[PDB]
Structure formats: C-alpha cells, structure tokens
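# Architecture and fold: a report
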Amino acid sequence: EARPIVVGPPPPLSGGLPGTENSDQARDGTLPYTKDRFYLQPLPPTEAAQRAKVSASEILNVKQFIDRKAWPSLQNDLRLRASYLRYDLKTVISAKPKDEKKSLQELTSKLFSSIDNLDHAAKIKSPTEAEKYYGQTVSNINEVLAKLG
C-alpha cells in the first residue's frame, strides 16, 4: 500500500511510526489534496482554489530558509512558489465577475509586494528583516486564503 510502513521490524519507541497508541496516528508521509483527479478530470477554476491554498502554504514554509541562511537561493526559490500561486489565483478569480473579484486581486498583489520585501531582506543578508517580512507574508497568505474558502 502507499502507506508509511516497513516489512521489517518497526522502529522502537512510540510515535514517528503509524500506530494506534493515541487517538491520533500523527503520521502520513504525504498529504495529496486531490492526487489523481488532475488526470481523470480537467482542472476547473473552482478546484484551482484547492491548488492555490497548497501553493500558498509553501510561502509559510519560508521560515526554513532563514534557518539555513540561504540568501542566494531564496531570490529564486520563493519566486517559484509565488509563480505557481499566481497561475492558480489567476484562474480562480476568472470564475466570478471581474468587479467584485478585484478585491481578491488587490490582496494577490499586496501579497507579492511582501514577497519582494522578503527577497530583498534575504539578499541584504538580514535575518531580522526576513522574519519581519515573513510575518507580513504569513498575514497576506491568510487573508487570501480566507477568500479561497
């Protein structure tokens, strides 16, 4: 099965492996939102919202660049996540009249301005400013995510 399990003996101690030690298994290995639906059905703009909130969550993972102090990498890497998100959002907003949905696109724009600030903070080698703009990107992601509810 596609489950995190081994045919050999399990590792010792509780947790870190699947089990029923607690009410929660605390283990999955991967979390595919729609998995194979993309190859069975076309991608409508409604389900583009599902893809969008996943690619948005990658921007919440940017804190891990600060730890690794990956200054020359983030300037490319964050923009890759941003591009994926941009494409999906561009699709979601097309499912509604352009006027009301403008409100979402203004958040979509504000969010990317805070990405540019984090990219500059990375290039200027400042972890403090990287965390400062990380807080802003997290807020902007959350606000856009509520509009994808």
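As recorded in the PDB header, solution NMR is the method behind this entry.

Moving on, we come to the packing of aromatic side chains. Counted by the stated rule, this structure contains 1 aromatic pair. Measuring from ring centre to ring centre gives 5.7 Å for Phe-65 and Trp-71, while their planes differ by 85 degrees; the resulting arrangement is edge-to-face. Its guanidinium or amino end placed over the ring of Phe-38, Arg-51 lies 5.4 Å from that ring's centre, counting from NZ or CZ. The ring centre of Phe-112 lies 4.3 Å from the NZ or CZ of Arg-86, which sits over that ring.

Before going further, it helps to spend a moment on helix α6 (residues 127-146). Helical geometry: 3.6 residues make up each α-helical turn, so side chains three or four residues apart lie on a common side. With 20 residues, α6 ought to run about 28 Å at 1.5 Å a step, and its terminal C-alpha atoms sit 28 Å apart, in line with that. What α6 keeps buried is the set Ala-130, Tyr-134, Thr-137, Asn-140, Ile-141 and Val-144. Down the axis of α6, the buried set is contained in an arc of 135 degrees. They therefore lie on one face. Across α6 from its buried face, at more than 90 degrees, point the exposed residues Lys-132, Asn-142 and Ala-146. Those residues of α6 that are buried lie in contact with α2 (48-60), α3 (63-68), α4 (71-92) and α5 (98-123).

This brings us to α2. A rise of 1.5 Å per residue sets the reference length of α2, with its 13 residues, at 18 Å; its end C-alpha atoms lie 19 Å apart and thus fit the reference within 8%. If you check which residues of α2 are buried, you get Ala-48, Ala-49, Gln-50, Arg-51, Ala-52, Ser-55, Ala-56 and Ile-59. Elements in contact with the buried residues of α2: α1 (37-40), α4, α5 and α6.

Calculation criteria
Residues numbered from 1 in each chain as written, not as in the entry; some residues may be left out. Heavy atoms only, no water. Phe/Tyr/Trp six-rings, centres within 6.5 Å; stacked < 30°, edge-to-face > 60°. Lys NZ or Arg CZ within 6 Å of the ring centre and 35° of its normal. Helix = DSSP H or I, 4+ residues; strand = E, 2+ residues; numbered from the N terminus. Expected span 1.5 Å × (residues − 1). Buried < 20%, exposed > 50% of the residue type's maximum accessible area, 1.4 Å probe, protein only. Arc of directions from axis to C-beta. Contact = heavy atoms within 4.5 Å.

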